[PDB]
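Starting off, we have a lone chain in the form deposited without the ligand, written out as C-alpha cells.
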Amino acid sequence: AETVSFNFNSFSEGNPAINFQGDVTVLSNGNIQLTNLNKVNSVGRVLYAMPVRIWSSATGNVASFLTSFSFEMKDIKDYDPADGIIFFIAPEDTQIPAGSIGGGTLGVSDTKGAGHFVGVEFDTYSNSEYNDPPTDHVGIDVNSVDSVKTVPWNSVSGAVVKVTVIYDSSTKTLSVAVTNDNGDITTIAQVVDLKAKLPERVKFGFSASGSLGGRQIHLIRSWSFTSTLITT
C-alpha cells in the first residue's frame, strides 16, 4: 500500500513542505494567516507541496484518508467578519483564479462561483449570488461555492475550532465533524466520487478571502493527514 503521512503542530514560512499563494503570511507563533487585513479582495492559500496520488488509472483504486486540523476566525474593528476558510483538494497545478474578486469565491472559484476543486467550507457570510443559506454554515463543495450540501453553524470570534474529516474510498463518503467552542459538535457528510471529479494526483490545502468591506483574521493553527491507496 502507498501512504502519505505528515503532522504540523506549527508552520514556518521557510519550509519546503508547504507552498504559499497570494497574501499568506506565517506569524511568529507558527500560525498561518491567510488574508491581509489592509488589502481589498484579499486571497491567501496554502498547499502541501508534495502531490498526493488519490487514485490509480492502472488499478482503478481510490485512496482513503483521515485528516484533522484546527483554525481560528476573529472579527476586526469596523469590517464585516467575512468571507471564511475552505479546506480544499484540487489538481497539482492549482493557482488562485486569475483576476480573483475574493469574497464569496473563498479564493478557489471565479465570479460565477465555478472552479476545479472539492472542498469543506466554513462560510461566515451569506452570498445570494451563490445561493448561500441565511446563517453561518459548513458546506461540502464540488467544483462550486454553491454547496452540494450545507449545515447551519456559528462562527465565534477568537474561538479555536477542531475539525475531523474521514474519506472512505469504498462508500465514496466524505464525513466532517466540527467541534465548536461551546462544546457542541456539527456534522455533515456527502457522497463525493473523487475519481470522477478530480485527477489522479492532487494537492491538499486551505484558502480564505475577503472583500472591500468584508474582512476578518483567518488562521490555520495545526494540520495532520494520513492517506492510504491500495496498490495490489
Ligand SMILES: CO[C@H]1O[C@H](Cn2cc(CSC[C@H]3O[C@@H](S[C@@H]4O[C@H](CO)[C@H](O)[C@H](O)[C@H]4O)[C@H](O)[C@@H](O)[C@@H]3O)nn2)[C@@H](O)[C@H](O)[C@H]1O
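So that the term is clear: the rigid core is the largest set of C-alpha atoms that superpose within 1.5 Å between two forms. Don't overthink the numbering: it's just position in the shown sequence, from 1.
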Original post:
So which moves more in 9 other deposited structures of this protein by CA, 92-100 or 109-117, given a superposition on the core?
Top reply: 92-100
Subject >> Comparing 153-161 with 119-127, the one whose average Cα B-factor in the PDB entry is higher >> reply: 119-127
Subject >> Average Cα temperature factor in the PDB entry - higher stretch of 86-94, 132-140 >> reply: 132-140
Original post:
So among 224, 19, 25, 10, who wins on Cα B-factor in the entry?
Top reply: 10
Original post:
Based on the PDB record, which member of 181, 168, 200, 193 exhibits the highest Cα temperature factor?
Top reply: 181
Subject >> Lowest, middle or highest third - CA B-factor, residue 3 >> reply: middle
Original post:
Mind checking which third residue 39 falls in for C-alpha B-factor across the chain?
Top reply: highest
**OP:** Relative to the other modelled residues of the same chain, rank the CA B-factor of residue 29 and answer lowest, middle or highest third.
**Re:** highest
Original post:
residue 231: which third of its chain by C-alpha temperature factor?
Top reply: middle
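What comes next is about the form solved in complex with the ligand, which is not displayed.
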**OP:** Classify as open or blocked. Procedure: superimpose site C-alphas, place the ligand with its pose in the entry with it bound, test each ligand atom against backbone and C-beta atoms at 2.4 Å; 3 or more hits mean blocked.
**Re:** open
**OP:** May I ask you to choose, among 150, 143, 127, 94, the residue with a heavy atom within 4.5 Å of the ligand in the entry with it bound?
**Re:** 127
Original post:
residue 80: heavy atom within 4.5 Å of the ligand in the entry with it bound?
Top reply: yes
Original post:
Wondering, does residue 222 line up within 4.5 Å of the ligand in the entry with it bound on heavy atoms?
Top reply: no
Original post:
Though only this chain appears here, would residue 22 touch the ligand in the entry with it bound if you measure heavy atom gaps against 4.5 Å?
Top reply: no
**OP:** Indicate whether residue 104 is a 4.5 Å heavy atom neighbour of the ligand in the entry with it bound.
**Re:** yes
